[PDB]
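A lone chain, given as structure tokens: the form solved without the named molecule.
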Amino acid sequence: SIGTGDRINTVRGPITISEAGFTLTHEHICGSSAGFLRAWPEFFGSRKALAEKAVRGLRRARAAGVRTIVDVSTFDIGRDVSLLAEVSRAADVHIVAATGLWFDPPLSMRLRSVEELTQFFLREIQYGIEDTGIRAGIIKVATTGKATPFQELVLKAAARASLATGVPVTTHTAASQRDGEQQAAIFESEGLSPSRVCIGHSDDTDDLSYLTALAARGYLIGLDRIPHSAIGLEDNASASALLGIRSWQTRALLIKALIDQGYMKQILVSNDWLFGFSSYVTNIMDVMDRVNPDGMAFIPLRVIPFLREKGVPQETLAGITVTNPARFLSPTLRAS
């Protein structure tokens, strides 16, 4: 395989692979909908309040050593690259933007062909997002159980954009339903290397069979929702449905399990946090903030030490939080 220039696109421009440092690979500054943050900022108090909250959070995460986060917010998660650039500069944390489509594509996207979609993903990666010149450094896709016809098109366009640019693909999955397998099937049918793909939300399930089967094939396993837990909130139906009833320690243990299985090179870890969240019930943000006051700092502050205690070597945790993300994000073309 070959590289395209050894640089990773961030919202402040290209950085070298070494500059990425400690990287959280699945995060969000704001989980919203296309055009929403700009049409109704007051839903988050104000765009300023949101920016200010995000800067505090990024600064707290940075104090714990996070130097880079991958904001996997696609067009339909309401990604506002201008907001990302502003908070990245104010907090001095590298932010890698995404292209791709999540599970709320509007009609103008749902009626598109795979060829059309491939050109939109390529546009965001090569030309840049909107008119900002900010190029996407990752392609985000998703399935909530068996892929629907439109989602298959998205996965295929994702694989094509990745094969042409070298930018990796990262996925949302209904991990319990083993979505990662079908996703991998499609990706491979397009000729994409598994090393270019992270099967996300993999800690949303406890089947090590599933996870180790994927890692053996060469995929990156995204254990990205470690702090998500509604334990103690059984009285809240909406928060329970979203966060699940498994402990953060249960999720964290899958990281050690994969390490013991021998797949430390294939693990990517994250919080899947955000500072604003309009695509769910009102006030979900407050509920989650009570659940995990540490926000994106959760991984370094709670998870890394938990694993070290459970016996995982510090050398290994560095490999996971620094080396793996560096290899994943470096634009890499398949050998011609």
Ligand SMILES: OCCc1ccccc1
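Position 1 is the first residue in the sequence shown; the rest follow in order.
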Quiz prompt | 217-225 or 130-138, whichever carries the higher mean Cα B-factor | solution = 217-225
Quiz item: Averaging C-alpha B-factors over each stretch, which comes out higher, 283-291 or 25-33?
Solution: 283-291
Self-check item: Top residue by Cα temperature factor, when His172, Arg196, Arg178, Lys156 are compared in the entry
Solution: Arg178
Self-check item: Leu307, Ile299, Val70, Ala51, ranked by C-alpha B-factor: the highest one
Solution: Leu307
Quiz item: Taking the C-alpha B-factors as the PDB entry records them, is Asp76 in the lowest, middle or highest third of its chain?
Solution: lowest
Practice problem: Name the third of the chain's ranked CA B-factors that contains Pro325, choosing lowest, middle or highest. | Solution: lowest
Quiz prompt | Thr205 - Cα temperature factor, lowest/middle/highest third of chain | solution = highest
Self-check item: Modelled-residue ranking by C-alpha temperature factor, third containing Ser88
Solution: lowest
Quiz item: What third of its chain's C-alpha B-factors does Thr118 belong to: lowest, middle or highest?
Solution: middle
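The same protein has a further form, the form deposited with the named molecule bound, not shown here; the description that follows concerns it.
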Quiz item: Would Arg12 show up as a contact with the named molecule in the entry with it bound if we use heavy atoms at 4.5 Å?
Solution: no
Self-check item: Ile129 within 4.5 Å of the named molecule in the entry with it bound, heavy atoms
Solution: no
Exercise. Classify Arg59 as contacting or not contacting the named molecule in the entry with it bound by the rule of any non-hydrogen atom within 4.5 angstroms, answering yes or no.
Key: yes
Quiz prompt | Exercise: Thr323 in contact with the named molecule in the entry with it bound, heavy atom 4.5 Å | solution = yes
Quiz item: Hey, with the named molecule in the entry with it bound, do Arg160, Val169 and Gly191 all fall inside the 4.5 Å heavy atom range?
Solution: no
Quiz item: Going by heavy atoms within 4.5 Å, which of 176-184, 93-101, 208-216, 260-268 lines up against the named molecule in the entry with it bound?
Solution: 260-268
Quiz prompt | Sequence-ordered list of residues in 309-328 near the named molecule in the entry with it bound, where near means a heavy atom within 4.5 Å | solution = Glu315, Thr316, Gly319, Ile320, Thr323, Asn324, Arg327
